[PDB]
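Asks: Okay, handing you the structure first.
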Amino acid sequence: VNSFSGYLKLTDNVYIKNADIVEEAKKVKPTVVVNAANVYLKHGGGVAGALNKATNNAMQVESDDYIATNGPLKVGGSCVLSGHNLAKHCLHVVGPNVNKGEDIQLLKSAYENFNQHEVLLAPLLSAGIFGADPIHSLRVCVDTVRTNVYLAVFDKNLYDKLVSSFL
Ligand SMILES: O=C(O)C[C@@H](NC(=O)c1ncnc2[nH]ccc12)c1cccc(O)c1
């Protein structure tokens, strides 16, 4: 038993809610919150900008040190950093950004990172301003992640569309 509330069960291990991931994190304090990162960990907008703002820019400061030491992530890759005031850890996952011309085929690899964590609070990868088809991303999530994932979808109209179209 865990502390998430009001989530809709989709499969054996995936739950979904129309909510702000920052507020779900402030409430639950999950072991792992997933950020929809880019390879440079430059947290400008979307999930990343929102999470980073909620940490008072501490996420960005930590991320800049990570990049200075390790160099950029790979598209499809991830790193574990602090969750600051939002969670124990933040799993920064790079899904392909279609608006950058990146390969949507790498979405499955991005979701595979979730399998290294027993429970996660996460956004839908490559959705929103990342420019991919969100229905497709939800399909990839359910067909790839085997650990327990709680998805927080910000846009209400998107949430309603995803639920009503889910197979
Ligand atoms: O509309 C959606 O769910 C898709 C969208 N989500 C959010 O921007 C978002 N999700 C949950 N909590 C949030 N709090 C503040 C913003 C926010 C998104 C954007 C970029 C990358 C990505 O993978 C997903």
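Going through the structure tokens in order, the chains are called A, B, and so on, while each chain numbers its residues from 1 and the ligands are numbered from 1 in the order shown.
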Would you list, as an MDAnalysis selection string, the residues of stretch 12-166 of chain A that end up in alpha helix (DSSP H) under DSSP run on this structure's backbone?

Replies: chainID A and resid 21:28 46:54 58:70 107:112 134:144 156:165

Asks: Name all residues at most 8 Å from residue A:33 (count only C-alpha atoms; drop same-chain ones fewer than 4 positions away) and give them as a list in words.

Replies: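 Everything that qualifies: residues 25, 83, 86, 87, 89, 90, 91, 120, 121 and 122 of chain A.
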
Asks: Considering only C-alpha atoms, return as an MDAnalysis selection string whatever protein or nucleic-acid residues lie within 9 Å of residue A:63, sequence-local ones (same chain, fewer than 6 positions apart) excluded.

Replies: chainID A and resid 40:43 81

Asks: Using only C-alpha atoms and all ligand atoms, tabulate the residues of chain A lying at most 6 Å from any atom of ligand 1, each with its closest atom pair and that distance in Å to one decimal, by chain and increasing residue number, as JSON lines.

Replies:
```
{"residue": "A:20", "atom": "CA", "partner": "ligand 1", "partner_atom_place_in_ligand_line": "12 (N)", "distance": 3.8}
{"residue": "A:21", "atom": "CA", "partner": "ligand 1", "partner_atom_place_in_ligand_line": "12 (N)", "distance": 3.7}
{"residue": "A:22", "atom": "CA", "partner": "ligand 1", "partner_atom_place_in_ligand_line": "14 (N)", "distance": 5.6}
{"residue": "A:36", "atom": "CA", "partner": "ligand 1", "partner_atom_place_in_ligand_line": "23 (O)", "distance": 4.8}
{"residue": "A:46", "atom": "CA", "partner": "ligand 1", "partner_atom_place_in_ligand_line": "8 (O)", "distance": 3.9}
{"residue": "A:47", "atom": "CA", "partner": "ligand 1", "partner_atom_place_in_ligand_line": "16 (C)", "distance": 4.4}
{"residue": "A:50", "atom": "CA", "partner": "ligand 1", "partner_atom_place_in_ligand_line": "15 (C)", "distance": 4.9}
{"residue": "A:123", "atom": "CA", "partner": "ligand 1", "partner_atom_place_in_ligand_line": "10 (N)", "distance": 5.2}
{"residue": "A:124", "atom": "CA", "partner": "ligand 1", "partner_atom_place_in_ligand_line": "23 (O)", "distance": 4.9}
{"residue": "A:125", "atom": "CA", "partner": "ligand 1", "partner_atom_place_in_ligand_line": "23 (O)", "distance": 3.7}
{"residue": "A:126", "atom": "CA", "partner": "ligand 1", "partner_atom_place_in_ligand_line": "23 (O)", "distance": 4.3}
{"residue": "A:127", "atom": "CA", "partner": "ligand 1", "partner_atom_place_in_ligand_line": "24 (C)", "distance": 4.3}
{"residue": "A:128", "atom": "CA", "partner": "ligand 1", "partner_atom_place_in_ligand_line": "19 (C)", "distance": 3.9}
{"residue": "A:129", "atom": "CA", "partner": "ligand 1", "partner_atom_place_in_ligand_line": "20 (C)", "distance": 4.9}
{"residue": "A:130", "atom": "CA", "partner": "ligand 1", "partner_atom_place_in_ligand_line": "21 (C)", "distance": 5.2}
{"residue": "A:152", "atom": "CA", "partner": "ligand 1", "partner_atom_place_in_ligand_line": "11 (C)", "distance": 5.1}
{"residue": "A:153", "atom": "CA", "partner": "ligand 1", "partner_atom_place_in_ligand_line": "3 (O)", "distance": 3.5}
{"residue": "A:154", "atom": "CA", "partner": "ligand 1", "partner_atom_place_in_ligand_line": "3 (O)", "distance": 4.1}
{"residue": "A:155", "atom": "CA", "partner": "ligand 1", "partner_atom_place_in_ligand_line": "1 (O)", "distance": 4.2}
```

Asks: Can you write just those residues out, N, CA and C atoms, as a PDB file, in the first residue's frame?

Replies:
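The new file again-v3.pdb reads:
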```pdb
ATOM      1  N   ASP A  20      -1.104  18.303 -11.266  1.00  0.00           N
ATOM      2  CA  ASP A  20       0.207  18.925 -11.364  1.00  0.00           C
ATOM      3  C   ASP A  20       1.216  18.033 -10.647  1.00  0.00           C
ATOM      4  N   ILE A  21       2.244  17.575 -11.371  1.00  0.00           N
ATOM      5  CA  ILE A  21       3.238  16.677 -10.788  1.00  0.00           C
ATOM      6  C   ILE A  21       3.940  17.332  -9.605  1.00  0.00           C
ATOM      7  N   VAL A  22       4.120  18.656  -9.642  1.00  0.00           N
ATOM      8  CA  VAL A  22       4.736  19.359  -8.516  1.00  0.00           C
ATOM      9  C   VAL A  22       3.888  19.200  -7.263  1.00  0.00           C
ATOM     10  N   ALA A  36      11.012  15.100 -17.135  1.00  0.00           N
ATOM     11  CA  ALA A  36      11.130  15.037 -18.593  1.00  0.00           C
ATOM     12  C   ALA A  36      12.239  15.991 -19.034  1.00  0.00           C
ATOM     13  N   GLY A  46       7.842  23.237 -19.417  1.00  0.00           N
ATOM     14  CA  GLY A  46       7.188  21.957 -19.241  1.00  0.00           C
ATOM     15  C   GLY A  46       7.398  21.419 -17.839  1.00  0.00           C
ATOM     16  N   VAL A  47       7.501  20.092 -17.761  1.00  0.00           N
ATOM     17  CA  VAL A  47       7.755  19.427 -16.489  1.00  0.00           C
ATOM     18  C   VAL A  47       9.031  19.962 -15.855  1.00  0.00           C
ATOM     19  N   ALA A  50       8.907  23.438 -14.476  1.00  0.00           N
ATOM     20  CA  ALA A  50       8.010  23.452 -13.326  1.00  0.00           C
ATOM     21  C   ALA A  50       8.659  22.821 -12.096  1.00  0.00           C
ATOM     22  N   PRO A 123       5.609  12.051 -15.412  1.00  0.00           N
ATOM     23  CA  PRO A 123       4.809  12.559 -16.523  1.00  0.00           C
ATOM     24  C   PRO A 123       4.856  11.570 -17.684  1.00  0.00           C
ATOM     25  N   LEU A 124       3.944  11.789 -18.625  1.00  0.00           N
ATOM     26  CA  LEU A 124       3.942  11.070 -19.887  1.00  0.00           C
ATOM     27  C   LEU A 124       5.105  11.550 -20.742  1.00  0.00           C
ATOM     28  N   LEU A 125       6.001  10.641 -21.107  1.00  0.00           N
ATOM     29  CA  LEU A 125       7.220  11.030 -21.799  1.00  0.00           C
ATOM     30  C   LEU A 125       6.936  11.490 -23.226  1.00  0.00           C
ATOM     31  N   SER A 126       7.748  12.435 -23.687  1.00  0.00           N
ATOM     32  CA  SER A 126       7.706  12.973 -25.041  1.00  0.00           C
ATOM     33  C   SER A 126       6.376  13.644 -25.390  1.00  0.00           C
ATOM     34  N   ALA A 127       5.528  13.917 -24.404  1.00  0.00           N
ATOM     35  CA  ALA A 127       4.244  14.554 -24.650  1.00  0.00           C
ATOM     36  C   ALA A 127       4.382  16.068 -24.499  1.00  0.00           C
ATOM     37  N   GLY A 128       3.253  16.769 -24.539  1.00  0.00           N
ATOM     38  CA  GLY A 128       3.273  18.215 -24.394  1.00  0.00           C
ATOM     39  C   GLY A 128       4.223  18.843 -25.391  1.00  0.00           C
ATOM     40  N   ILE A 129       5.059  19.765 -24.905  1.00  0.00           N
ATOM     41  CA  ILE A 129       5.975  20.503 -25.774  1.00  0.00           C
ATOM     42  C   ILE A 129       7.097  19.639 -26.352  1.00  0.00           C
ATOM     43  N   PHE A 130       7.184  18.362 -25.960  1.00  0.00           N
ATOM     44  CA  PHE A 130       8.113  17.466 -26.643  1.00  0.00           C
ATOM     45  C   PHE A 130       7.572  16.965 -27.982  1.00  0.00           C
ATOM     46  N   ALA A 152       1.064  11.620 -13.790  1.00  0.00           N
ATOM     47  CA  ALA A 152       0.396  12.890 -13.536  1.00  0.00           C
ATOM     48  C   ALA A 152       0.348  13.650 -14.855  1.00  0.00           C
ATOM     49  N   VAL A 153      -0.858  13.832 -15.380  1.00  0.00           N
ATOM     50  CA  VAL A 153      -1.089  14.554 -16.623  1.00  0.00           C
ATOM     51  C   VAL A 153      -1.610  15.937 -16.271  1.00  0.00           C
ATOM     52  N   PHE A 154      -0.911  16.972 -16.741  1.00  0.00           N
ATOM     53  CA  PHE A 154      -1.262  18.341 -16.371  1.00  0.00           C
ATOM     54  C   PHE A 154      -2.519  18.807 -17.099  1.00  0.00           C
ATOM     55  N   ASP A 155      -2.541  18.661 -18.413  1.00  0.00           N
ATOM     56  CA  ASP A 155      -3.601  19.246 -19.217  1.00  0.00           C
ATOM     57  C   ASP A 155      -4.892  18.439 -19.058  1.00  0.00           C
TER      58      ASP A 155
END
```

Asks: Which residue out of A:53, A:84, A:92, A:156 has the minimum interatomic distance to residue A:35 when only C-alpha atoms are used?

Replies: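 For residue A:35, the nearest of the given residues is A:92.
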
Asks: For the structure I just gave you, how does DSSP split chain A - specifically, which residues are strand (DSSP E)? Reply as a VMD selection string.

Replies: chain A and resid 8 to 9 14 to 18 32 to 36 78 to 82 89 to 93 119 to 122 148 to 153

Asks: Using only C-alpha atoms, what does the table of stretch 74-153 of chain A residues within 9 Å of stretch 13-19 of chain A look like, with each row giving the shortest atom pair and its distance in Å to one decimal, sorted by chain and ascending number, as a tab-separated table?

Replies:
```
residue	atom	partner	partner_atom	distance
A:141	CA	A:14	CA	8.5
A:142	CA	A:14	CA	6.8
A:145	CA	A:13	CA	8.3
A:146	CA	A:13	CA	6.8
A:147	CA	A:13	CA	6.4
A:148	CA	A:13	CA	4.7
A:149	CA	A:14	CA	5.0
A:150	CA	A:15	CA	4.8
A:151	CA	A:16	CA	4.6
A:152	CA	A:17	CA	5.1
A:153	CA	A:18	CA	4.8
```

Asks: Pick out the closest residue to residue A:117 from this set: A:23, A:158, A:8, A:80. Count only C-alpha atoms.

Replies: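 Answer, going by the shortest atom-to-atom distance: A:80.
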
Asks: Determine, counting only C-alpha atoms, which protein, DNA and RNA residues have an atom within 10 Å of an atom of residue A:62; residues of the same chain fewer than 3 positions away are not included. Present the result as a ChimeraX atom specification.

Replies: /A:41,57-59,65-67,81-82,84

Asks: Write a file of the selected residues as a PDB file, in the first residue's frame, keeping C-alpha atoms.

Replies:
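The new file part_20.pdb reads:
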```
ATOM      1  CA  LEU A  41      19.641  19.085 -18.060  1.00  0.00           C
ATOM      2  CA  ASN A  57      16.530  26.549  -8.888  1.00  0.00           C
ATOM      3  CA  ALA A  58      18.427  24.036  -6.722  1.00  0.00           C
ATOM      4  CA  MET A  59      17.671  21.335  -9.311  1.00  0.00           C
ATOM      5  CA  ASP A  65      27.498  20.433 -11.745  1.00  0.00           C
ATOM      6  CA  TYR A  66      26.419  16.999 -13.024  1.00  0.00           C
ATOM      7  CA  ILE A  67      26.893  18.064 -16.661  1.00  0.00           C
ATOM      8  CA  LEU A  81      19.893  13.160  -8.870  1.00  0.00           C
ATOM      9  CA  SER A  82      18.376  14.638  -5.721  1.00  0.00           C
ATOM     10  CA  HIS A  84      15.266  18.264  -3.322  1.00  0.00           C
TER      11      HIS A  84
END
```

Asks: Taking only C-alpha atoms into account, which of A:69, A:85, A:78, A:113 comes nearest residue A:54?

Replies: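 Distance minimum relative to residue A:54 lands on A:85.
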
Asks: Residue A:136: which residues within 12 Å, counting only C-alpha atoms, same-chain residues fewer than 2 positions away excluded, as a short mmCIF file (atom, residue, chain, number, x, y, z; two decimals) with N, CA and C atoms, in the first residue's frame?

Replies:
```cif
data_model
loop_
_atom_site.label_atom_id
_atom_site.label_comp_id
_atom_site.auth_asym_id
_atom_site.auth_seq_id
_atom_site.Cartn_x
_atom_site.Cartn_y
_atom_site.Cartn_z
N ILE A 104 11.53 9.56 -32.56
CA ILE A 104 10.48 9.06 -31.68
C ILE A 104 10.66 7.58 -31.37
N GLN A 105 11.41 6.85 -32.20
CA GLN A 105 11.66 5.44 -31.93
C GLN A 105 12.37 5.21 -30.61
N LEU A 107 11.56 6.29 -27.74
CA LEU A 107 10.67 6.43 -26.59
C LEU A 107 10.70 5.20 -25.69
N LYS A 108 10.73 4.01 -26.28
CA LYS A 108 10.75 2.78 -25.48
C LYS A 108 11.99 2.72 -24.61
N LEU A 124 3.94 11.79 -18.62
CA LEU A 124 3.94 11.07 -19.89
C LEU A 124 5.11 11.55 -20.74
N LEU A 125 6.00 10.64 -21.11
CA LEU A 125 7.22 11.03 -21.80
C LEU A 125 6.94 11.49 -23.23
N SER A 126 7.75 12.43 -23.69
CA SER A 126 7.71 12.97 -25.04
C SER A 126 6.38 13.64 -25.39
N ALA A 127 5.53 13.92 -24.40
CA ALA A 127 4.24 14.55 -24.65
C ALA A 127 4.38 16.07 -24.50
N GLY A 131 6.30 17.20 -28.28
CA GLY A 131 5.81 17.11 -29.64
C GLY A 131 5.42 15.74 -30.16
N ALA A 132 5.45 14.69 -29.34
CA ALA A 132 5.04 13.37 -29.80
C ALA A 132 3.54 13.14 -29.55
N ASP A 133 3.02 12.08 -30.15
CA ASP A 133 1.63 11.68 -29.98
C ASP A 133 1.43 11.12 -28.57
N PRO A 134 0.63 11.77 -27.72
CA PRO A 134 0.51 11.28 -26.34
C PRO A 134 -0.19 9.94 -26.22
N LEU A 138 1.49 6.81 -24.14
CA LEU A 138 0.85 6.04 -23.08
C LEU A 138 0.89 4.54 -23.40
N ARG A 139 0.67 4.19 -24.66
CA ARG A 139 0.79 2.80 -25.09
C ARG A 139 2.20 2.28 -24.81
N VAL A 140 3.22 3.06 -25.16
CA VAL A 140 4.59 2.61 -24.93
C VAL A 140 4.85 2.46 -23.43
N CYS A 141 4.37 3.40 -22.62
CA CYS A 141 4.54 3.29 -21.18
C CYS A 141 3.98 1.97 -20.66
N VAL A 142 2.72 1.68 -20.97
CA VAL A 142 2.09 0.48 -20.44
C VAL A 142 2.76 -0.77 -20.95
N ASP A 143 3.27 -0.74 -22.18
CA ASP A 143 3.89 -1.90 -22.80
C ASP A 143 5.38 -2.04 -22.46
N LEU A 162 -6.92 10.97 -23.15
CA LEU A 162 -6.13 9.76 -22.93
C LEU A 162 -6.97 8.66 -22.30
N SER A 165 -9.59 7.16 -24.76
CA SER A 165 -9.05 6.42 -25.89
C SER A 165 -8.18 5.24 -25.49
N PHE A 166 -8.03 4.96 -24.19
CA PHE A 166 -7.08 3.95 -23.75
C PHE A 166 -7.63 2.55 -24.00
N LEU A 167 -6.80 1.70 -24.61
CA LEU A 167 -7.19 0.33 -24.93
C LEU A 167 -6.82 -0.63 -23.79
#
```
